[PDB]
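Following: one structure in structure tokens, then a few remarks.
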6 protein chains.
Amino acid sequence: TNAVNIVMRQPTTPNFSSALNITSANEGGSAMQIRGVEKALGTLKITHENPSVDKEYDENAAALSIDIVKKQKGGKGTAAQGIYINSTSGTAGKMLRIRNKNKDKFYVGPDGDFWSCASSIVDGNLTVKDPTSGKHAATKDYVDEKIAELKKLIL
Amino acid sequence: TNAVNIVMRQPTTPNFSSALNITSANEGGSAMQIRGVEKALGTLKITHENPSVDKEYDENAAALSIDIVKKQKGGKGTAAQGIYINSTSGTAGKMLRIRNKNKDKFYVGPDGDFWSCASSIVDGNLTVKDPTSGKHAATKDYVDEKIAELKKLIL
Amino acid sequence: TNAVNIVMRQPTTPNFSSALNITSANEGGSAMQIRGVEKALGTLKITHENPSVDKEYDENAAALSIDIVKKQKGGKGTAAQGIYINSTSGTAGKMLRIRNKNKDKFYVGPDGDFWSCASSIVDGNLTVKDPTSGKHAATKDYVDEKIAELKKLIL
Amino acid sequence: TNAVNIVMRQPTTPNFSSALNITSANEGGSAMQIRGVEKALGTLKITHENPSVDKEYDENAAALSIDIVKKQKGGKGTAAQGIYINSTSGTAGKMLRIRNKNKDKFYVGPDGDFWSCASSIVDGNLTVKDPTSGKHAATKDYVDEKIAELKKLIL
Amino acid sequence: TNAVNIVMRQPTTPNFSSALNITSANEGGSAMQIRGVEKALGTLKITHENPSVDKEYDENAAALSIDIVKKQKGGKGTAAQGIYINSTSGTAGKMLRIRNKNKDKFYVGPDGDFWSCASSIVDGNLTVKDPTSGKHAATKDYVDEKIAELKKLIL
Amino acid sequence: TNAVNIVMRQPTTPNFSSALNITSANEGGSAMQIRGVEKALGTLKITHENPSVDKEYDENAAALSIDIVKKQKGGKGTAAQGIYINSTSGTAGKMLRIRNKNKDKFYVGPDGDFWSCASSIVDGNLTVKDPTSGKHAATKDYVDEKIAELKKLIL
């Protein structure tokens with residue numbers, strides 16, 4: 001079926017080895033590039049399967065893990081980005097869509113709007129526009145204004 | 001140009017086959033690893049191209065698709081993560097940057113702050129800090145306080 | 001150690017070439033697929049290293065770069081998604097976890113709740129539920145109600 | 001089973017393309033190297049299968065085809081060898097063993113002796129040592145001597 | 001060092017699996033092609049190493065094993081060749097050179113002459129030209145002639 | 001065109017590195033296997049090109065180089081073969097065909113007969129059958145017999 005298949009079989013003892021390991025020392029080009037024309041699949045599909053029946057066994061595991069590091073010998077830092085997503089021609093699809101058991105839980109749409117299915121938290125302020133609707137969040141401004149308006153009506 | 005090029009040509013009829021398919025049964029190491037030193041590109045770059053001129057044809061497609069599953073025969077669950085992004089040494093760049101037609105739409109910065117370019121939605125509450133600025137969102141606390149303060153001034 | 005290792009050595013002059021370049025013209029299947037059973041690692045791990053000691057040198061670089069494009073000759077658009085994350089069986093782990101120097105900065109949990117470590121911004125409204133707690137953000141509704149309630153008490 | 005499998009499926013029309021194509025421009029190292037420790041198989045095994053039921057269809061085909069050429073732009077020639085076989089430590093096995101339907105037809109042994117199962121031909125002379133046995137081939141010398149010996153006995 | 005390295009580690013029990021397995025179903029092109037520009041090495045180098053200290057353990061093994069077979073389902077035969085060696089531009093080097101412990105044992109030169117280091121055998125006749133030198137092998141013709149010449153001198 | 005292409009570009013200084021390097025430590029299976037269905041090409045085609053215009057520059061080079069070695073740490077020897085060629089079903093084609101500038105110089109046919117285009121040499125005897133034809137080589141037997149026959153006719 002597949003043009004190239006790379007299989008790492010189960011070793012007797014787990015070890016740190018990979019089926020496929022790629023390294024480039026060329027700062028002028030992507031170490032790896034993929035291009036596909038899928039009608040309804042991912043150009044890259046990554047599946048992580050719990051190696052154990054135990055449902056908490058793989059709690060530190062991930063399908064995709066990214067690290068962003070300084071130059072190994074003597075680097076002063078890095079300003080590289082983690083994930084960069086673009087559509088040079090423009091897309092109508094969701095830029096980031098997160099589902100759990102095939103139900104949408106969080107997404108970022110093509111206009112940069114987000115939708116979250118549950119109560120969330122910002123350890124800081126959220127800057128927003130003034131509400132123009134019932135369930136829009138109220139700014140300090142809107143509160144202060146309805147206050148000052150009611151102070152007046154008591155003279 | 002490239003060290004290794006893998007090409008799957010257009011079949012007469014589309015089928016489920018991949019240019020490159022990797023599977024590891026070793027729970028001790030990443031099935032695949034990539035490392036690059038790009039000055040201005042992605043270490044991995046994934047491009048998805050609509051296979052059709054029709055702009056809605058690829059609405060279920062994605063550049064990157066991730067699935068997180070239990071052990072196939074008899075697993076009780078999984079606690080594996082979807083995408084994990086870190087910078088062990090620390091980065092000044094945006095951890096997640098989403099653009100559409102080369103304009104920023106949503107990002108998560110290195111301090112975990114987010115910026116969204118459009119009206120968004122949480123089906124639940126948002127916990128925030130008290131506003132200290134005009135367009136900061138107001139907490140139940142801030143509202144209740146300006147209320148209690150105005151009750152007093154009417155004795 | 002690794003089953004397959006692909007190395008692109010440092011060229012004398014940087015150029016656009018990749019260690020590994022994959023292209024599929026088959027719209028019926030993922031150009032590439034990866035599956036692993038890691039106990040505590042990423043099924044795919046991508047590391048980007050600053051090629052320079054200079055901490056701002058790689059400011060346009062990324063570990064993962066995604067582009068979503070129309071059909072090259074004559075496409076009218078695309079509705080393809082950037083990143084799609086699912087757990088067909090269901091996971092307890094965070095769907096998106098972003099850390100900087102091994103400290104959590106932003107995440108999206110399995111229920112679609114998000115947590116951000118810093119003040120954030122929406123250029124638009126945020127729709128939320130009515131606050132039921134001190135530091136929950138207040139809706140236009142909650143503000144208007146405590147206003148109308150205080151108007152009444154002044155008759 | 002295999003660590004890496006590369007499959008080129010049957011195209012609708014045959015064309016000149018290969019499953020795997022390797023080119024090196026480095027004159028200092030082998031474009032490819034293979035090493036194995038087989039107990040009873042070839043380190044490399046090549047099978048050619050007639051693509052047709054017709055028994056004469058593949059008469060120009062070969063399992064292994066070697067070409068030895070001059071430098072493409074302006075070379076004056078080459079002195080490169082076709083096949084070089086050595087045993088740096090020394091082997092007791094046949095250096096070249098040729099069988100047809102699992103019966104030996106021709107071989108070259110570890111001392112450089114050959115054995116051929118059928119009448120053969122040299123378009124030229126064969127230089128040999130004087131016969132010391134019935135079915136050894138006779139040199140001009142041996143013939144001339146038995147002649148001169150018989151001339152004498154007729155005085 | 002190498003651009004691509006494929007390693008199959010020692011399994012606990014030997015099995016029939018390969019580091020690299022290639023199959024083409026395209027009758028129009030070589031399943032695999034290699035091209036190099038070595039100054040003093042093989043374009044392909046194959047090393048077989050005895051897996052055992054025992055000097056007779058690998059007596060059925062080979063560095064290169066070739067099989068030439070009919071079409072699997074219903075073929076009537078094949079006329080494919082085993083090894084085909086050419087030099088389209090012409091070479092001064094030996095076409096086949098066989099050494100054991102770095103000493104020449106057998107070769108075929110660029111003119112098709114062979115040299116064998118030991119007594120050899122043809123189960124059949126050898127056709128040769130008439131001897132013109134002492135140690136050239138004698139034809140039936142040369143023998144018969146020196147006979148008829150000596151019959152005459154006895155009248 | 002090709003499913004997998006591996007290219008090692010010209011380095012500034014030649015070094016010992018390969019485009020593709022394969023090693024198996026599994027004594028139970030071929031380190032590599034190739035299978036093709038070519039109508040008129042080699043299942044594997046190896047081309048060596050002189051890296052220099054100088055026609056003697058590559059005099060130690062080869063298209064295919066084979067080494068047969070003992071186990072590295074403490075082996076007592078090896079009985080492995082260099083090249084093993086078979087046709088399990090049987091072939092009508094030449095088992096080994098050697099050409100120089102597209103003219104046949106030496107071959108071994110499917111019955112194990114050889115043909116050489118030039119004067120050749122065996123440092124030893126050649127055992128052959130008695131001549132039954134003019135240009136067949138004469139055995140010690142045939143010579144001795146025509147001698148004894150002529151002794152008789154002189155009584």
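Lettering and numbering for the structure tokens are positional, with chains as A, B, ... in the shown order, residues counted from 1 in each chain, and ligands counted from 1 in the shown order.
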Can you check which residues of chain E have any atom within 12 Å of chain B? Use only C-alpha atoms and format it as a PDB file with C-alpha atoms, in the first residue's frame.
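Output below, filename selection.pdb:
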```pdb
ATOM      1  CA  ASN E   2      26.270   9.137   5.933  1.00  0.00           C
ATOM      2  CA  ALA E   3      23.227  10.805   4.459  1.00  0.00           C
ATOM      3  CA  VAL E   4      20.913   7.859   5.222  1.00  0.00           C
ATOM      4  CA  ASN E   5      21.781   5.079   7.689  1.00  0.00           C
TER       5      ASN E   5
END
```
To test your reading of the structure, identify every residue in chain D that backbone DSSP assigns to strand (DSSP E or B), and report it as a VMD selection string.
chain D and resid 4 to 8 20 to 24 32 to 36 42 to 49 62 to 69 81 to 86 96 to 100 103 to 108 114 to 116 120 to 122 126 to 127 136 to 137 139
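Distances to residue 32 in chain C were evaluated for B:100, B:133, B:120, B:18 using only C-alpha atoms, and the minimum falls at B:18.
Reported to one decimal place, the separation of CA of residue 19 in chain F from CA of residue 25 in chain D is 9.1 Å.
For range 73-75 of chain F, the set of protein, DNA and RNA residues having any atom at most 12 Å away, when counting only C-alpha atoms and skipping those fewer than 2 positions along the same chain, is residues 89, 90 and 91 of chain D; 49, 50, 51, 52, 53, 54, 55, 56, 57 and 58 of chain E; 69, 70, 71, 77, 78 and 79 of chain F.
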Residues within 8 Å of residue 96 in chain C, please, as a list in words. Count only C-alpha atoms; anything in the same chain fewer than 4 positions from it doesn't count.
residues 81, 82, 83, 84 and 85 of chain B; 107, 108 and 109 of chain C
Write out as a VMD selection string which residues come within 8 Å of residue 87 in chain C when counting only C-alpha atoms, dropping same-chain ones fewer than 6 positions away.
(chain A and resid 99 to 102) or (chain B and resid 66 to 69)
Considering only C-alpha atoms, return as a compact mmCIF listing (two decimals) with N, CA and C atoms, in the first residue's frame whatever protein or nucleic-acid residues lie within 9 Å of residue 17 in chain E, sequence-local ones (same chain, fewer than 4 positions apart) excluded.
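Result saved to part_5.txt:
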```txt
# COMPACT_ATOMS: atom_id res chain seq x y z
N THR D 1 7.47 -6.58 9.59
CA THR D 1 8.66 -7.51 9.55
C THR D 1 9.89 -6.62 9.26
N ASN D 2 10.02 -6.13 8.03
CA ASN D 2 11.25 -5.43 7.63
C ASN D 2 11.30 -4.05 8.25
N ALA D 3 12.51 -3.57 8.53
CA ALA D 3 12.65 -2.24 9.07
C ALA D 3 12.19 -1.16 8.06
N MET E 8 19.44 -2.49 11.31
CA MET E 8 18.63 -3.51 11.96
C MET E 8 19.49 -4.11 13.10
N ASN E 21 13.91 -3.57 2.30
CA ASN E 21 13.30 -4.47 1.36
C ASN E 21 12.63 -3.61 0.27
N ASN F 26 21.12 -9.19 12.16
CA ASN F 26 20.23 -10.35 12.20
C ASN F 26 20.74 -11.44 11.29
N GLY F 28 19.52 -14.19 10.61
CA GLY F 28 18.44 -14.99 10.02
C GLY F 28 17.82 -14.41 8.73
N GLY F 29 18.21 -13.20 8.33
CA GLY F 29 17.59 -12.66 7.13
C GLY F 29 18.59 -11.76 6.40
N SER F 30 18.38 -11.65 5.10
CA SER F 30 19.17 -10.77 4.21
C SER F 30 19.14 -9.36 4.71
N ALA F 31 20.28 -8.69 4.75
CA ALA F 31 20.28 -7.31 5.28
C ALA F 31 19.44 -6.51 4.31
N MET F 32 19.53 -6.84 3.05
CA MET F 32 18.66 -6.13 2.08
C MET F 32 18.12 -7.04 1.00
```
Counting only C-alpha atoms, closest pick from F:128, F:95, F:63, F:20 relative to residue 36 in chain E is F:63
Can you tell me which residues surround residue 104 in chain A at a distance of at most 9 Å, considering only C-alpha atoms, apart from same-chain residues fewer than 5 positions away, and format the answer as an MDAnalysis selection string?
(chainID A and resid 97:99 116:117) or (chainID C and resid 86 112)
Selected residues, N, CA, C and O atoms, written as a tab-separated table (two decimals), in the first residue's frame, please.
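This is the output file again-v3.tsv:
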```tsv
chain	number	residue	atom	x	y	z
A	97	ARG	N	-8.53	23.20	15.62
A	97	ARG	CA	-9.76	22.59	16.04
A	97	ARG	C	-9.48	21.46	17.02
A	97	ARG	O	-8.82	20.51	16.67
A	98	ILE	N	-9.99	21.55	18.23
A	98	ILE	CA	-9.65	20.53	19.24
A	98	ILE	C	-10.90	19.79	19.65
A	98	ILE	O	-11.86	20.42	20.09
A	99	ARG	N	-10.89	18.47	19.51
A	99	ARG	CA	-12.05	17.66	19.83
A	99	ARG	C	-11.67	16.59	20.81
A	99	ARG	O	-10.54	16.16	20.84
A	116	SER	N	-14.59	28.21	23.30
A	116	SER	CA	-14.19	27.25	24.31
A	116	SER	C	-15.47	26.64	24.88
A	116	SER	O	-16.41	27.39	25.15
A	117	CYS	N	-15.49	25.32	25.08
A	117	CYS	CA	-16.69	24.62	25.57
A	117	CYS	C	-16.86	24.64	27.10
A	117	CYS	O	-17.86	24.12	27.61
C	86	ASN	N	-7.84	15.32	17.91
C	86	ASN	CA	-8.96	14.60	18.46
C	86	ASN	C	-8.45	13.49	19.38
C	86	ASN	O	-7.27	13.20	19.42
C	112	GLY	N	-11.95	21.45	26.96
C	112	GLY	CA	-11.98	22.64	26.11
C	112	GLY	C	-11.82	23.92	26.89
C	112	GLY	O	-11.77	24.99	26.30
```
Run DSSP on the backbone and tell me which residues of chain A come out as alpha helix (DSSP H); list them as a ChimeraX atom specification.
/A:140-152
Selection above as a file: C-alpha atoms, as a short mmCIF file (atom, residue, chain, number, x, y, z; two decimals), in the first residue's frame:
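Done, and the output landed in result-v8.cif:
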```cif
data_model
loop_
_atom_site.label_atom_id
_atom_site.label_comp_id
_atom_site.auth_asym_id
_atom_site.auth_seq_id
_atom_site.Cartn_x
_atom_site.Cartn_y
_atom_site.Cartn_z
CA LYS A 140 -14.64 48.69 33.49
CA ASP A 141 -15.92 51.49 31.22
CA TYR A 142 -19.43 50.07 30.85
CA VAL A 143 -19.75 49.46 34.59
CA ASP A 144 -18.44 52.93 35.52
CA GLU A 145 -20.82 54.52 33.02
CA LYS A 146 -23.99 52.81 34.26
CA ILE A 147 -22.78 53.77 37.76
CA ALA A 148 -22.24 57.52 36.89
CA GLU A 149 -25.63 57.50 35.12
CA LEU A 150 -27.36 56.29 38.27
CA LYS A 151 -25.49 58.65 40.55
CA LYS A 152 -26.96 61.50 38.43
#
```
